[PDB]
RNA sequence: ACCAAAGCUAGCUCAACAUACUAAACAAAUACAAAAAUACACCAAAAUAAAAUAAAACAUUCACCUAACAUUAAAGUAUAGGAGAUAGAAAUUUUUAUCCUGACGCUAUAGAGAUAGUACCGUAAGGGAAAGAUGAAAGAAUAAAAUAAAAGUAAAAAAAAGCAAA
RNA sequence: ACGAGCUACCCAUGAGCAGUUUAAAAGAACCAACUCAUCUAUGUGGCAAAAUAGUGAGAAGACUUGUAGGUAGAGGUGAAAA
RNA sequence: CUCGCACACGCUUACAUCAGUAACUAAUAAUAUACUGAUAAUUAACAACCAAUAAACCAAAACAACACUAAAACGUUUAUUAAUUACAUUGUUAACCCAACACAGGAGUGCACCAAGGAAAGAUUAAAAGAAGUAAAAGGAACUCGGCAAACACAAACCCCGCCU
Ligand SMILES: [Mg+2]
Ligand SMILES: [Mg+2]
Ligand SMILES: [Mg+2]
Ligand SMILES: [Mg+2]
Ligand SMILES: [Mg+2]
Ligand SMILES: [Mg+2]
Ligand SMILES: [Mg+2]
Ligand SMILES: [Mg+2]
Ligand SMILES: [Mg+2]
Ligand SMILES: [Mg+2]
Ligand SMILES: [Mg+2]
Ligand SMILES: [Mg+2]
Ligand SMILES: [Mg+2]
Ligand SMILES: [Mg+2]
Ligand SMILES: [Mg+2]
Ligand SMILES: [Mg+2]
Ligand SMILES: [Mg+2]
Ligand SMILES: [Mg+2]
Ligand SMILES: [Mg+2]
Ligand SMILES: [Mg+2]
Ligand SMILES: [Mg+2]
Ligand SMILES: [Mg+2]
Ligand SMILES: [Mg+2]
Ligand SMILES: [Mg+2]
Ligand SMILES: [Mg+2]
Ligand SMILES: [Mg+2]
Ligand SMILES: [Mg+2]
Ligand SMILES: [Mg+2]
Ligand SMILES: [Mg+2]
Ligand SMILES: [Mg+2]
Ligand SMILES: [Mg+2]
Ligand SMILES: [Mg+2]
Ligand SMILES: [Mg+2]
Ligand SMILES: [Mg+2]
Ligand SMILES: [Mg+2]
Ligand SMILES: [Mg+2]
Ligand SMILES: [Mg+2]
Ligand SMILES: [Mg+2]
Ligand SMILES: [Mg+2]
Ligand SMILES: [Mg+2]
Ligand SMILES: [Mg+2]
Ligand SMILES: [Mg+2]
Ligand SMILES: [Mg+2]
Ligand SMILES: [Mg+2]
Ligand SMILES: [Mg+2]
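Chains as they are written, first to last, in the authors' numbering: chain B2, 65 to 243; chain BU, 10 to 50; chain Be, 14 to 135; chain Bh, 31 to 56; chain Bn, 32 to 128; chain BY, 11 to 216; chain Bw, 261 to 347; chain Bi, 38 to 51; chain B7, 50 to 95; chain BX, 2 to 150.
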């Protein structure tokens, strides 16, 4: 079972090894859950094979045979992922109605930034947890000043990005006065 | 409105032309040359 | 002046510094000081039999793509619960109290794979 | 870069003079 | 002192473009207009400078009074320091006393 | 693979991720920005493969097929028309194969030609009654097709033969989906007959 | 290389020791009894998909231990690399 | 006093 | 006697004195991090 | 599986299962001599010993006797034109050893076709003949040989 | 003849408007020695700003000096002050919409520090750079085209005597 | 604000001290490792922003030394040399 | 001619193989452990990670017989509970670190004094002055602030000041 890492020996020395197009999402939405589950492994074995071939090409100082395959496969798997994800995220929207599969909260950290805090699994409840308890979600009063600075800095950047674009227009209008 | 001196070249030449026939670095460098030319006149 | 920029890794410190590269713990430290693995923490790969099945890593080129419709909670509602609900309202057997026959689940804590706290990796 | 025509033009005259000094026209 | 070797593209300014041709049109708006609007109203610009003028010290002082609380931190701080410097300079330094 | 280009960059007809390109403009090159007349993607009337006429240059009044367009610098390439000559094969003793090469053209120097009378024309985008968007000539008042063109792969779908690892049209288009409310996990585990009893103890999230 | 066995290099005092110091009147070996450590149980090896190894583990032990022992005895009698061995 | 001026290097990029 | 070798490297000392945790354990340290963030430093702390 | 959350395990929990594994694997040729028992992989950083064993056995049906891993450190030394450091990424290497006495050998993936190499030597002899044809005639002394007379 | 020289762009500056004001990106990991899934706790807090300086010293005093209320005046007036330097009101008054947003602002030693808070320098807080120029096309490098003008040299060592010239 | 990774003094915790002489491991003696830095010559943009060569003083102690921790500038620490 | 091998701390691929070196690193070449590119690599048995609560114990380390004074680091057992189930995770290269340098300097421990490591001289010539050494007739401090330095000497006495380490 170790040869599944290599292409059929018929293909070994050859420059171009042709191949089909990657799976579209659409084509996968038609398949059942079981068949996706299988196709995942079919794609996996091929991806392993291709990665092996890739590295082995680098080793021999030779160009890899038809490198494009590796792209296609990836996309396929990627596409497959995107599909299965949908069917879950749709489903939970039905059952629970939460948009995020991981529990989380909007919090304000020490630095006064507004952060999205992902939660973590613990065997004990939060008020009994040493490590967690010594984090601080809140800002002290001094932080306020810095927050202001942040805004201002941001505002400046935006301000002079805008002025740039405006200028680029004027220039072009005198360069190409076809109006 | 920033104004720079564009023609500085000619300003220099009006001094240096009198210094061409001097010996040494007096005939090149505007500093030394300016002094030597004034002494010449 | 040491090194500020390069990331902090187990290779860098003293003997006393061991920081994993992010693999997940399979167990705990036992009585003898020896390490104990918990068979339940080790991921069991579920692999289907691929032999008798026809699908391939690539697709024929003349085979068409299709108009792209992202699956929505609505479409999934209509392909599943809508025929059944319509069948049982048209027969007047519809019961707004218990929707469980249609596949709705009131709470997730009973079943093995729960959706919202998300019990399963993949 | 310095913004103006004047010095550029005035220099064009010098360029011409040197061009005539190095190759005299028949 | 090297001077550019190439003639710049000759810039043609048409004096008859819209903004130049219409220039200074409503400047007499008070006199001819049965005084209602004073020519000040025609001034486009910074809020603290419309229809008003003053030496740099007065200028800064006024900018701070008017828009001071809408200013960014660094700019407000710089404005204060500028004012202190100008104050000290104008009041305590000079030839003429 | 997506190669990210520096903010200021020149487009030299060489494919941006290629040896010709890395050799022309190495990692640190920042050159003068070439002013380019901005054109919305919906005002762009020139595609590849359509017969066009050249209004400028040493070859003018001629007509040719557009091979490549470079949208960043607003360019077309009409094969074997706008031309200058260059050697390709090289070694110390041998300069081989002088090849005619194409200089790109701005879209101001090239007018799109309507099929019927082979004259140059001013193309304008129109919406017809079928919900279709076509190019319509201003002068002649006709609609101009769009140039169906081969693709970068050199693979034509009509003539094709399935290899060992290709899936047939039949099995690919087949719909096996039965839209029911279980997840992939529940489905598969039910299908593989895998039997699980125990449930998870309460977990605290924060 | 022996490294791929795996084996590891280290450095510390090199001892030749028989189970007793040279000054001891009992210089010779009779038999050794080796109890196999826990990791090497037939059960554990059967779980690791090592069947044949069951035998190997025994062999190896003997081949090392005994060698060492005998070797040591031999060097207590003054034999070594350049004196080889008479009996 | 003991007066001493510590030498200052130039930037390495030069 | 001879000087300039004043820096004798230790990773434990480094990270105890100047590390992230140390900077977050006091208000002043947090103000350090904040200043560096403001200036846009690539490395906020050791 | 990697980059994904795992359910916290407490006593008497369900067996953890991964239905679609995230991992990926390169079979690589050893840089040093290795016993025939031994195969060598490059795996993702987060994959455990046990993981790889199960992976091999279940997906590929390989009889694995023993697995050892190490983490190879990629050099941070090479500098950008900006003098910023470039990092060749770290990676994990796995040595596996096969159970039933099965011997592996890393196959040659690039055998050369003799017809294509003979066509290469013939194209090189033809190119050398063309460069010998264009080469100037010693006795002409640099007079262009285009003109008849 | 070398070394060199020349570009006009990258972007900036100041205001106007404006909604309203912590950008972008988050799969995992991040406050263990940040980026290390997983165990019984602790957690948190506030006190007038000071001085350099002005008073030709310095001792009370010394506008502005990280507290929204603008504008025309009342007015530098009443007042307050080692009654010195200086500081300084109010009552009371005035204020007409919205569009016409740009530039007698900079052009690579300038304009932002910025190609970048990066390199590099500091144990740390912190400090903090320099640098670009071909053309329609270089998928036109036996490559084609317009400065050859700074000091420094070379082409070309010197020949009594002297602020080097007149 | 930041600094005790140098150095001053502490706290924890480790580590070294061979030969000779002596009833003795006695802030004894001779003399290495080790620690200091006496006198001279070199060196003085140096090998070195305090070194090299010789020569010296201590060398079971108020000794040397590793690792981790502490004390912070109106301060600390100090067998006081500000 | 002799600072060797290893570990800790630190450094972070500078290590290895093949190839290249016009120029870039080496204060110069040859060529390459240090420049350039490509490709590889350190595999756990060593090391890190690796239980709590009660209860009995006055009795030093010093070859420990027994003691000294300054009174001394280092654990057994009993009881109560401790998920029980192959293979967890992580360190493993180097000619290396701190001194702006490929710096005669600074750097803990264990074993060694060679079995391991290394090269004082790019090639000449054989001037002065300078540095470092060996030898020196007769004399022996006459030198000099002072026997400083040097010596085939390596001894004796007396003051001042501080008791002493
Ligand atoms: Mg640093
Ligand atoms: Mg470590
Ligand atoms: Mg280490
Ligand atoms: Mg184990
Ligand atoms: Mg220093
Ligand atoms: Mg390991
Ligand atoms: Mg005063
Ligand atoms: Mg004064
Ligand atoms: Mg005074
Ligand atoms: Mg004050
Ligand atoms: Mg009074
Ligand atoms: Mg007075
Ligand atoms: Mg600048
Ligand atoms: Mg600058
Ligand atoms: Mg010159
Ligand atoms: Mg004369
Ligand atoms: Mg300390
Ligand atoms: Mg002793
Ligand atoms: Mg003694
Ligand atoms: Mg010495
Ligand atoms: Mg001597
Ligand atoms: Mg000595
Ligand atoms: Mg002594
Ligand atoms: Mg003594
Ligand atoms: Mg400390
Ligand atoms: Mg004081
Ligand atoms: Mg004090
Ligand atoms: Mg002391
Ligand atoms: Mg005193
Ligand atoms: Mg004194
Ligand atoms: Mg270093
Ligand atoms: Mg190398
Ligand atoms: Mg060299
Ligand atoms: Mg080693
Ligand atoms: Mg020499
Ligand atoms: Mg001499
Ligand atoms: Mg001599
Ligand atoms: Mg002598
Ligand atoms: Mg004599
Ligand atoms: Mg005398
Ligand atoms: Mg005398
Ligand atoms: Mg002496
Ligand atoms: Mg004597
Ligand atoms: Mg004597
Ligand atoms: Mg004394």
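Idealized CB from N, CA, C, for every residue including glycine.
In this structure, how does DSSP classify residue i when only helix, strand and coil are distinguished?
i	result
residue 60 (chain Bn)	helix
residue 70 (chain Bn)	helix
residue 51 (chain BX)	helix
residue 11 (chain BX)	coil
residue 79 (chain Bn)	helix
residue 139 (chain BX)	helix
residue 154 (chain BY)	strand
residue 64 (chain Be)	coil
Under 8 Å between C-beta atoms, does residue i make it to chain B2?
i	result
residue 85 (chain BY)	no
residue 32 (chain Bn)	no
residue 44 (chain BX)	no
residue 78 (chain Bn)	no
Going along chain BX, which residues have a C-beta under 9 Å from residue i?
i	result
residue 21 (chain BY)	Those within 9 Å of residue 21 (chain BY) in chain BX number zero; the least Cβ separation is about 21 Å.
Within the 8 Å Cβ cut-off, does residue i reach chain Bw?
i	result
residue 1 (chain BX)	With chain BX represented from 2 up to 150, any question about residue 1 (chain BX) goes unanswered, as that position is not in the structure.
residue 106 (chain BX)	no
Against residue i, what residues of chain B7 qualify as contacts under a CB-to-CB distance less than 7 Å, listed in chain order?
i	result
residue 196 (chain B2)	Chain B7 residues near residue 196 (chain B2): none, gap ~15 Å exceeds 7 Å.
Distance cutoff 8 Å, beta carbons only. Does residue i sit that close to anything in chain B7?
i	result
residue 106 (chain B2)	no
Using a cut-off of 7 Å between C-beta atoms, extract the partners of residue i located in chain BY.
i	result
residue 82 (chain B2)	173
Under 9 Å between beta-carbons, which chain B2 residues line up against residue i? List them in chain order, please.
i	result
residue 82 (chain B7)	174 and 175
residue 76 (chain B7)	204 and 206
Give a yes or no on whether 8 Å exceeds the smallest Cβ distance from residue i to chain BY.
i	result
residue 184 (chain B2)	yes
Do we get a CB-CB distance below 8 Å when we pair residue i with the residues of chain BX?
i	result
residue 56 (chain Be)	yes
Which residues in chain Be have a C-beta closer than 7 Å to the C-beta of residue i? List them in chain order.
i	result
residue 51 (chain BX)	39 and 55
Would you mind telling me which residues of chain Bh sit closer than 7 Å to residue i, beta carbon to beta carbon, in chain order?
i	result
residue 13 (chain BU)	32
Of all Cβ atoms in chain Bn, is any one closer than 8 Å to the Cβ of residue i?
i	result
residue 226 (chain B2)	no
Legend entry - Residues within the stretch 138 to 167 of chain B2 neighbouring chain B7, beta-carbon criterion of under 8 Å: Across the stretch 138 to 167 of chain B2, no CB contact with chain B7 closer than 8 Å is found for any residue.
Inset, instruction - At 4 residues or longer, and completely inside the stretch 162 to 228 of chain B2: list those alpha helix (DSSP H) runs for me, N to C. - result: The qualifying runs are 194 to 197.
Inset, instruction - For the stretch 5 to 30 of chain BX, enumerate the residues whose C-beta is nearer than 8 Å to any C-beta of chain Be, in chain order. - result: Identification of residues in the stretch 5 to 30 of chain BX having a C-beta nearer than 8 Å to some C-beta of chain Be yields 5, 6, 7, 8, 10, 14, 15, 16, 17, 18, 19, 20, 21, 22 and 23, given in sequence order.
Inset, instruction - Quick one: which unbroken alpha helix (DSSP H) runs of 4-plus residues sit fully inside the stretch 98 to 123 of chain BY? Chain order, please. - result: Residue ranges of uninterrupted alpha helix (DSSP H) with 4 or more members are absent from the stretch 98 to 123 of chain BY; none lies entirely inside it.
Legend entry - Contact list for the stretch 53 to 87 of chain BX against chain Be, Cβ threshold 8 Å: Residues 55, 56, 59, 60, 72, 74, 77 and 86.
Legend entry - Contiguous beta strand (DSSP E) assignments of at least 3 residues, all confined to the stretch 14 to 90 of chain BY: You should have 61 to 64, 73 to 80 and 85 to 88.
Inset, instruction - Scan the stretch 87 to 121 of chain Be for residues whose Cβ lies nearer than 7 Å to a Cβ of chain BY and list them as they occur along the chain. - result: Of all residues in the stretch 87 to 121 of chain Be, 89, 92, 93 and 116 have a Cβ within less than 7 Å of some Cβ in chain BY.
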